[PDB]
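Order of writing sets the chain letters: A, B, C, D and E. Residues in each chain are counted from 1.
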Amino acid sequence: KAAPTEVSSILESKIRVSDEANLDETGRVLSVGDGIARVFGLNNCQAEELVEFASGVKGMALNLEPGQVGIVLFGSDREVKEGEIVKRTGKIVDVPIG
Amino acid sequence: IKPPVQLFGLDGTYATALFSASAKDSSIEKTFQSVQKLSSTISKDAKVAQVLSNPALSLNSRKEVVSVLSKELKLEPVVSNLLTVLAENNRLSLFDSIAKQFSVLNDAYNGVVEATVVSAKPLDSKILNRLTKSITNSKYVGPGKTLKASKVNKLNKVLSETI
Amino acid sequence: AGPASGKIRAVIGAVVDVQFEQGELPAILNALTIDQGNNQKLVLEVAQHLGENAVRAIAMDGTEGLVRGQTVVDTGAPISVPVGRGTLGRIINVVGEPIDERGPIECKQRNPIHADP
Amino acid sequence: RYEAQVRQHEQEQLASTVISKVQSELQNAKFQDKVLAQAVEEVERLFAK
Amino acid sequence: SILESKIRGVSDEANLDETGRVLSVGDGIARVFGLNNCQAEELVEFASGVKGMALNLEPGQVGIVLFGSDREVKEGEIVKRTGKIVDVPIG
């Protein structure tokens, strides 16, 4: 009956001052598991873009919401926890050729 | 800082999140009187409750433009930030649930409850509930107690079922 | 000119939710333009309206590369296509553009794709 | 079977008359029942303290 | 006071008894918010001229099925109640 995004933890940051660090080029992983990883933030991240976590596992943001961003991990989710930094590479899902 | 009071987890997390930042530099006594003025001027008035059930508005009278709905009322410290979070997340319809959860935190860490029977209990503010319940039950049984029940109805039903 | 500019709030697959202003929201079956990085555009047809100054639109092309908060201008009408004798012999697309590399379709009128029977 | 049915009917009829007399005595403003109900609550809370 | 805040917002009376505001439209459905005096299976009318039938009367909104296209209805349109049920002519 309620909604996600702003809930308990995410609802206590907008009442004071949610700034300082940039939330467009990077993002915080709020929930991860079974390959999926809900990253809170990444406003400048485009669709189907390559995301790099703080542990070294790559990610692909395929579901962009208004408060979160569902990214699919390309490896193992055993090293990704809650609150990890998820940086954006700036490009899409590319591969080598030649 | 999270106090052990649980209070649901999803709907009751609105007042518990703002209580952590409001418990610094002694800013908890002024929040009790400011929360009662916001609910008394939107319920028994039938004037400012025109946008309580409608899904329109969209930043027209809820946030930004206030003036008389914040400065002239009873809001100047951290009371203005509680109404701005409910207008953007569409939570202005349940204003009574956010104000009721704020008074339960002050009555748990600085008071007591546990109502026995008849009416209410004494709600002491000493320490433990062992020596406070024994000294308040003898002083309240003699004074008053009209007795106009629960223990007499349970004993009468057990004797008729075994007939 | 007062163009109805919208902001992209959600993008999952072909469905893309665009958030505009109060009162200036587009109607159903309306083409929504979007500036990309190439010389073409991203056509998006409005399907339904979720509310709160937001309507869910269906993109008619690739949704890769859209970020949260991009500009989404509204055309005001539906998906216009070239009609008449100029469309004979040319390979038209779903948005009314040529895909035969034979220049633009010199049409005097452009009717919408959504019409009553 | 007739002796058991007569004993069960006599016990059921006697229990119905005793239940009606207990309900009528409580509705006549019993002063002893009101004083005994308040003293039982204070003695039960002091034993668990 | 709460009486001075109503005149500053310019909301008039906002009577949701026989009228209602559309909050969501799509797939031949219209979630009109309001119309407290509307009965079940009653005829309605939108601001563009399309008729509707309120069949899902909830507590916050009222689900009305439009009898025409969904392009004429938008978010924030006025929805009036006819006061009668779904009838037809005979004879």
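The rule is simple: contacts are C-beta pairs under 8 Å (C-beta built on N, C-alpha and C of every residue); 3 or more make two chains touch, one makes a residue touch a chain.
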Greatest separation from chain D - chain, by CA centre: C
Chain B-chain E separation of Cα centroids, rounded to whole Å: 36
Inter-centroid spacing, chain D versus chain A (mean Cα positions, whole Å): 68
Geometric centre distance via CA averages, chain C-chain B, whole Å: 51
Residues of chain D whose C-beta touches two or more other chains: none
Multi-chain contact residues (two or more partners), chain E: 23, 76
Multi-partner residues of chain C (each touching 2 or more other chains): 22, 51, 53
Chain pairs that touch, as defined at the top of this document: A-B, A-C, B-C, B-D, B-E, C-E
Chain B to chain C touching residues, read off their complex: 55-56, 58, 60, 90
Residues of chain C touching chain B in the complex: 22, 51-53
Chain E-facing residues of chain B, complex: 41-42, 45, 47-48, 50-51, 53-56, 60-61, 67-69
Residue ranges of chain B touching chain A (in the complex, touch as defined): 9-11, 13-14, 16-18, 20-21, 78, 81-82, 85, 89
Residues of chain B that touch chain D when the two form their complex: 116-117, 130-131, 133-134, 137-138, 141-142, 145, 147, 149, 151-152, 156, 159-160, 163
